[PDB]
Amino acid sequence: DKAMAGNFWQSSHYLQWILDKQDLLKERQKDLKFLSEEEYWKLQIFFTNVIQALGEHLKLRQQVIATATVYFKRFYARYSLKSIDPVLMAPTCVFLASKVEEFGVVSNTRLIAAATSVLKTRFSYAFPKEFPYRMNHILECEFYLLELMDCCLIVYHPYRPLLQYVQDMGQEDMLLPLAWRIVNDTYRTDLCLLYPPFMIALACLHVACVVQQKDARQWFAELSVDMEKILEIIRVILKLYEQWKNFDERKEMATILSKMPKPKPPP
């Protein structure tokens, strides 16, 4: 079993990195001078897809890609998109998360090749120019990222608890593939900064049951948990899929990226 598996309630994730929605949206108003609310969520979707693409290329596990995705969200929760280019932060987040695991090492040349390849082949609609950063830029970014997160590296995700619930129902064949992908889809939203992982997993599993038309009400009733907060999580998930419908990442992202505030140069 993984390090600190049963420690969520005493963890740094829970004690420091479950943020208030009021505090989140107030710090976001910095970037809302340039981008709209709609454009801000669209950017978050884009960069979630970029971090997934990088992870898939480096052949990292979904849980490492998640940790990387959260590191990214934590950074831009506090700071503006102007502060560090999110094209540099994304692979730096993947790089730091991979090192938190003691199984396998992602190398320097292989990080730069992965960033370069992924932007060129999978995101050329957004980025005309080649990936411009080199390893010195990643290593500098790593330090700023680590500082902001207050060295909180261990991150809990909905996958572990999801797995326990589907095994509890005895419906791993029917529901796990779908519930799992919905958990991946939740990383397109702020849910991981706002709720504990297990509540997100429950919400995902409910949407899975409704989509696949299995009656899970008697199982859900038998859970000791705030159902209001779960319903809140289902609404974001339901909304996410209508955002997905109405959004053409490929037709809109170049322009939205131009609207992002640029950094100030040195004097």
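Rigid core: the largest C-alpha set superposing within 1.5 Å between the two forms. Numbers follow the displayed sequence, beginning with 1.
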With the rigid core held as the alignment frame, decide whether 99-107 or 134-142 lies farther from the shown form in 8 other deposited structures of this protein, in terms of RMS C-alpha distance. 99-107
Higher avg CA temperature factor (80-88 vs 97-105, as deposited) belongs to 97-105
Residue stretch of maximal mean CA temperature factor, 149-157 vs 171-179: 171-179
With respect to the C-alpha temperature factors reported in the PDB entry, which of 200, 207, 225, 64 ranks highest? 225
One of 127, 143, 75, 195 has the largest Cα B-factor in the entry, namely 127
For residue 22, the third of its chain by CA B-factor is the highest
Considering only modelled residues of the same chain, in which third does the CA B-factor of residue 137 rank: lowest, middle or highest? middle
Residue 34 - which third its CA temperature factor falls in, relative to the rest of the chain: highest
Modelled-residue ranking by C-alpha temperature factor, third containing residue 241: lowest
Temperature factor at the Cα of residue 234, chain-ranked in thirds, falls in the middle
